[PDB]
Amino acid sequence: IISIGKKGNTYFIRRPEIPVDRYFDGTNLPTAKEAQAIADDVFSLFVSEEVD
Amino acid sequence: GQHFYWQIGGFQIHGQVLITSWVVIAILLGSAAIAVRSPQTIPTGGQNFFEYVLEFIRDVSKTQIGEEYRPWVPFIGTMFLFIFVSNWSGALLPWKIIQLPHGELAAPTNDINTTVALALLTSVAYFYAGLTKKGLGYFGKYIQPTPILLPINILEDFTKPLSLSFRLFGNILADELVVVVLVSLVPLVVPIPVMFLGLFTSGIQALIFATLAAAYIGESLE
Amino acid sequence: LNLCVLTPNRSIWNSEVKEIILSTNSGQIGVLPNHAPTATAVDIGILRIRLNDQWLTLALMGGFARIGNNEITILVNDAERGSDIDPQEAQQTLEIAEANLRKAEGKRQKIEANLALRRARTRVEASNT
Amino acid sequence: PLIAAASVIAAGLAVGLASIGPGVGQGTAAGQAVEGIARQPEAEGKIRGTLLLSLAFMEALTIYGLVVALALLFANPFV
Amino acid sequence: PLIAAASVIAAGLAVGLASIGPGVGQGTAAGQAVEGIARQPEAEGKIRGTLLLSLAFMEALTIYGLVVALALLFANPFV
Amino acid sequence: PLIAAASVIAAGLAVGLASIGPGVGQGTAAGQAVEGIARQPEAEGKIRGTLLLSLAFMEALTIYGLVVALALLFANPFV
Amino acid sequence: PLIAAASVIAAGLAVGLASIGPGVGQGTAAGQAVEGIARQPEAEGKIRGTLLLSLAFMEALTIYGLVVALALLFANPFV
Amino acid sequence: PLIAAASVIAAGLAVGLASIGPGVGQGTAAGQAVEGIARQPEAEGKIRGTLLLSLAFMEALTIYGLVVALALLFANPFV
Amino acid sequence: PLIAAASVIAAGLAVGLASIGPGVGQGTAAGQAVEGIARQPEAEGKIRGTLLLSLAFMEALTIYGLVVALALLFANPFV
Amino acid sequence: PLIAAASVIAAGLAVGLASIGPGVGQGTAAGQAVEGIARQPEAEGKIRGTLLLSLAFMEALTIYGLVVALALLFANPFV
Amino acid sequence: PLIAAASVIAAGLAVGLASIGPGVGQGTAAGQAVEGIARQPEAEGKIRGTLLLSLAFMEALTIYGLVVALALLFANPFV
Amino acid sequence: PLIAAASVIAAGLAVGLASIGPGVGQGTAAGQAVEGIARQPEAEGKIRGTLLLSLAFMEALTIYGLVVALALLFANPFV
Amino acid sequence: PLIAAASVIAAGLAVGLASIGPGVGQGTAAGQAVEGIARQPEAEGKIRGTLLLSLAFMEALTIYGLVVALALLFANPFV
Amino acid sequence: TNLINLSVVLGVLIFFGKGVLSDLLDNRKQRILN
Amino acid sequence: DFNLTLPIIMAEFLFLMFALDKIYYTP
């Protein structure tokens, strides 16, 4: 689970019995730096063929 | 010189190559018994050298035959160890201060007689495999891939152990004559890296030879 | 020539320019007005726009660039005005990324450490500029 | 002596051109083989055995030419 | 002796150029074959058998030229 | 003997250059064919039969040159 | 005999260079043809018939040179 | 006989170099033509007729050189 | 002296062409090997051992040709 | 004098072709090595030591050929 | 004089072919090295020292051939 | 005069082939160097000094061959 | 006359091979230089001066070889 | 003087091979021990 | 030279092979 959103970060925090990759924090007015951060996390975790 | 002390016992037989053979086999069994004399679960000091050696042996044997590694792991290890033995023997052998009767004695693989011996062993082991596992009637000699594919295989099967002996004999006599002519031309300081590269190739040729032999062995298995 | 620097949200610099020079995937190419046609992708690196007065570098974090006829559609992955970065803060962050790279094991995490080492390295690079 | 002369010149030309060509090709062998084998830095030793077999297959021809040169030089049975 | 002289020089030129060319080509063989076979690092042993068959097909011509050289050198039936 | 001399030198040049060229080309054959056949690692055996047919088509010329060399060496009907 | 001598040397040079060149080119043929035919692994057999026709078109010249060599060697009507 | 000698050597050089070059080029023909024709795997048979016409246009020169060789060998009207 | 003359010229041609070809190929070796090894700047020393083994495999043929030259120059047993 | 004549011509051909080939290959070495080493502009000095070792490995053969030329020119022990 | 004649012709052939090949290769060196070194316009001077070392490694063989030519021309100890 | 004849022909072959090769390579130098240096149109003058040094390193071999030609032509100390 | 004969043949070989090589390389120069200079269509005239300097550096060797040919042809001081 | 070439390379190789191969063998033994 | 020394050394190699097999590589 690539986790964006804080209530959802809580939803997987309270719901902790599954794989969650990284809690990306919530950012209304989505910052391109933040999207680059989550995107680079996904890009490495996809270059990593682990999750397909 | 291209001569050797021919002993006669019914034919002229160069005693020098056989004397080098006796010496190499002697040092082989001596280190083999000093290693295999004290067995240990956690392997003994220097016994781990022989252990990793036989590990690589059975490893490459699994790599090239696979399962029937252990059917011929002894034969392949015999080949490569004796060949690397004669290789490093001709490499390190101070073997000329005692001049023999008609020729000196440093390594027996310098005699291509030894190359013909080991390569005939290779081809005959291929025949034993291709007659035992494969069909005795239809060995690889059976022209499987085309009806026209008979005589190319007939040439190639001969060419296999022939070139096997040829390459190894040339490598051995090459390094020998190289060090000989180099010590002939200049003093002892010059030929050291030449012999270093020859020793680099020395185990390399034995390894490649055992590799191609077990390639033909996995082939006769196949 | 129309240098349109555009992140996929913010058109960073649609400033049409006189000259430019930057680091592509090719690595180094100066932009002379009306060279024959090409569209390119950039490495993560600064972008020295040599617009008529100022050789103006801008911290691009990669992206692509359609260099049309006097029209540089720079579609950057990210892009900073290289003066806008605090150079000491970008250097502290690049040191942080380098420490994160030395520490960062893992295939994905180490590769990301390398990628952001390039990103923060370009950031510190144009932060010097 | 002219037969021995031409046996000598024969062995010279034989060993010379035989050691010219195949070692040059073995250089090309070493070149792009080790280039690739270092590009993928994983399986170098597994590649190295086949590489050594290939290098020996290269050098065997030079061994054969040197063998013919030694047969014409030392134990010349043609002259 | 001149017939034996030319048989000797014949065997020299034969073995020399025959061991020049095909081993050089076998070097090219080894080169780009092992380059690719290491690029896809999976099926190296499966490739290796066909590679060995190819290398033998390369070396057979040098074997044939050396055979002609030995027939002219040792058991020369032309001279 | 000069006719037999030139028949001998003839067979030498024939076998030498005939075994120079086509085996080198068969090396090029083996090279980029096996490079591709390992790139797509699926259909290697299906490729291998046509590859063997191609290698035989390469080697047949060297076979023909060796045949001419044997006809000039052993059963020389020109001299 | 000198006419028969030159007919013999003629057949030697003919068969040698004729079997040098076209089989080398047929090696180049086999090379990049089978490289592509394995890249697209689908239509190999459909390609294989035209490939065989091409290989025969390559080998026909070597066949012609060997024919001239046999006509000069066996049934020499020039000498 | 010297005129017949040079007619023989003439036919040798003619057939040899004439069968060297064009079959090598026909190999290049076969190569990149069949490479493309397998890349687009659709129209292979439609390509194959023009390919055969092209291969015949390649082989016709070797046919002409072999014709000149046969005219100098068998029905030599110059000598 | 003519036998010693040709032994001298033999050693000259041997050492010259033997040191022409393989060192040129070792240059090609060094070229694209070090080009790639610097492209991926990580595993240079691990590549360097195999690179040195490859360079030695290149230079061994020139060593062999120089050995034949020294045997013909200094301890000439053919003349 | 003819032995000294051929020793002189020997040293000429030796030094000439030995300095022809390997320096040309060292040019190819310098070429694509420095091309890559400037493409990645970081590790030039670390590359430069191995580059110098490679250039010396190239030049050693020309050194050997010049050594043979000096031995035939100045201290000619063959003539 | 014939020994001095051949020493002169020796030095001519030596210097000529020795200055033919390696400077041509040094041209290839300069070519793709400076092509890359200008592509990445940063580290030109750092590249330039290794480039100069490479160019000297190229020119040393021509220096050696010219040295042999001067030894045969001026201080000819063979004739 | 024959020694002076061969000194003259020596200088001819020397200057001819020495001015053949390296200037051709310097053309290749100029080619891809200036191609890249115009691709990145910034640092042309900074590239130009190293380019001139490279061109001089190319031309020095032709200078050396012309020097040997002048020494054999004008102040011929061999003849 | 034989000295004048060889001076004439000297000038022929000199001018011929000297005008063979460097103009061919200048063709390679013109080729990829103008290819790039038209790819970036901006700075053609600024490139053109260095291009002309490079072309002159190419042609100077052919000028030198023609100079040696004129010195051997017209004002022959060797014969 | 023939084998006086080979002796020094034998000594240096025995030293270095002793070091590295004993490192290899003892590493394998400590691995099996762990 | 191909004498009968090759068959003699073939005998030597075969005996040493089976012996050293059962001697070391067995044990």
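Conventions and cut-offs
Residues numbered from 1 in each chain as written, not as in the entry; some residues may be left out. Chains lettered and ligands numbered in written order. Part of a larger assembly, values for the part shown. Heavy atoms only, no water. Residues with missing side-chain atoms left out of burial classes, pairs and counts. UniProt positions renumbered as here; feature names shortened; annotations may be inferred. Helix = DSSP H or I, 4+ residues; strand = E, 2+ residues; numbered from the N terminus. Contact = heavy atoms within 4.5 Å. Expected span 1.5 Å × (residues − 1). Bend = angle between axes of the 7 residues up to and from the residue. Nonpolar A, V, L, I, M, F, W, Y, C, P; charged D, E, K, R; others polar. Pairing = 2+ DSSP bridges. Least-squares fit on C-alpha atoms. Axes fitted to C-alpha atoms, helices over the stretch in contact; angles between N-to-C directions. Parallel < 35°, antiparallel > 145°, perpendicular 65-115°, else oblique. Left-handed = near helix turned anticlockwise from the far one by under 90°.

- Structure determination for this PDB entry is given in the record as cryo-EM, at a resolution of 7.08 Å.

## Re the UniProt feature "transmembrane region" in chain B
Residues and elements named next belong to chain B.
Phase 1: Per the UniProt record, "transmembrane region" is annotated on residues 16–36, 73–93, 112–132, 177–197 and 198–218.
Phase 2: Helix and strand shares over residues 112–132 are 100% and 0% respectively, and the end C-alpha atoms of the span are 29 Å apart.
Phase 3: Secondary structure within residues 177–197 divides into 71% helix and 0% strand; the distance between the first and last C-alpha atoms comes to 14 Å.

## Regarding unusual backbone geometry
Phase 1: Positive phi, normally seen in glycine, also occurs at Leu29 of chain A, with a value near 50°.
Phase 2: Of note, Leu29 of chain A is situated in the loop between β2 (22–24) and α2 (32–47).
Phase 3: For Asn34 of chain C, which is not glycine, the phi dihedral falls at a positive 55°.

## Regarding the interface of chain K and chain J
Phase 1: Listed by partner, the interface residues are 32 residues for chain K and 30 residues for chain J.
Phase 2: Of all the secondary structure elements, the ones that give two or more residues to the side of chain K that touches chain J are α1 (2–39) and α2 (44–73) of chain K.
Phase 3: The dominant element in the side of chain K that touches chain J, judged by the number of residues it contributes, is α1 of chain K, at 18 residues.

## Things to note about the arrangement of the chains
Phase 1: Highest in contacts among the 17 pairs of chains that touch are chains J and K.
Phase 2: These two, chain B and chain F, are apart from each other, with no contact and a minimum C-alpha gap of 8 Å.
Phase 3: The closest approach of any C-alpha atom in chain A to one in chain K is 28 Å; the two make no contact.

## Structural notes on helix α2 (residues 44–73) of chain G
Phase 1: Here α2 of chain G spans 41 Å end to end across 30 residues, near enough to the 44 Å set by a 1.5 Å rise per residue.
Phase 2: Taken as a whole, α2 of chain G carries its principal kink of about 30° at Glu59 of chain G.

## Digging into the interface of chain M and chain L
Phase 1: Residue-level contacts link 18 residues of chain M with 18 residues of chain L.
Phase 2: Where the side of chain M that touches chain L is concerned, the elements lending two or more residues are α1 (2–39) and α2 (44–73) of chain M.
Phase 3: Considering each element in turn, the side of chain M that touches chain L owes the most residues, 15 residues, to α1 of chain M.
Phase 4: Tallied by class, the residues present in the side of chain M that touches chain L amount to 11 nonpolar, 7 polar and no charged.

## Description of the pairing of strand β8 (residues 71–76) of chain C
Residue and element names in this part refer to chain C.
Phase 1: The pairing of strand β1 (residues 2–6) with β8 spans 5 bridges and is parallel. By the bridge assignment, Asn2 is partnered in β8 with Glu71.
Phase 2: Across 6 bridges, the pairing between strand β7 (residues 63–68) and β8 is antiparallel. By the bridge assignment, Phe64 is partnered in β8 with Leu75.

## Notes on the relation of the copies chain M and chain L
Phase 1: With an RMSD of 0.0 Å, the operation that places chain M on chain L is a rotation of 33° combined with a shift of 0.7 Å along the axis.
Phase 2: Taken as a fraction of all interface residues of chain M, those also at the interface in chain L reach only 11%, which identifies the copy contact as different-surface.

## Things to note about the packing of helix α1 (residues 2–39) of chain F against helix α2 (residues 44–73) of chain F
Residues and elements named next belong to chain F.
Phase 1: Interaxial distance between α1 and α2 falls to 8 Å at its minimum, and their mutual angle equals 170°. With respect to their mutual orientation, α1 and α2 come out roughly antiparallel. Across from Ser7, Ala11, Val15, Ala18, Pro22 and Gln26 in α1, the residues of α2 making contact are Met58, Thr62, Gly65, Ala69 and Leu72.
Phase 2: For the contact of α1 with α2, the residue count by class is 7 nonpolar, 4 polar and no charged.

## Here's the deal with the packing of helix α4 (residues 112–132) of chain B against helix α5 (residues 150–185) of chain B
Residue and element names in this part refer to chain B.
Phase 1: Two numbers describe how α4 lies on α5: the axes approach to 8 Å, and their chain directions differ by 145°. For α4 against α5, the interelement crossing comes out right-handed. Listed contacts from α5 to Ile112, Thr115, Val116, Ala119 and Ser123 of α4 are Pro161, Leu164, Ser165 and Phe169.
Phase 2: Tallied by class, the residues present in the contact of α4 with α5 amount to 6 nonpolar, 3 polar and no charged.

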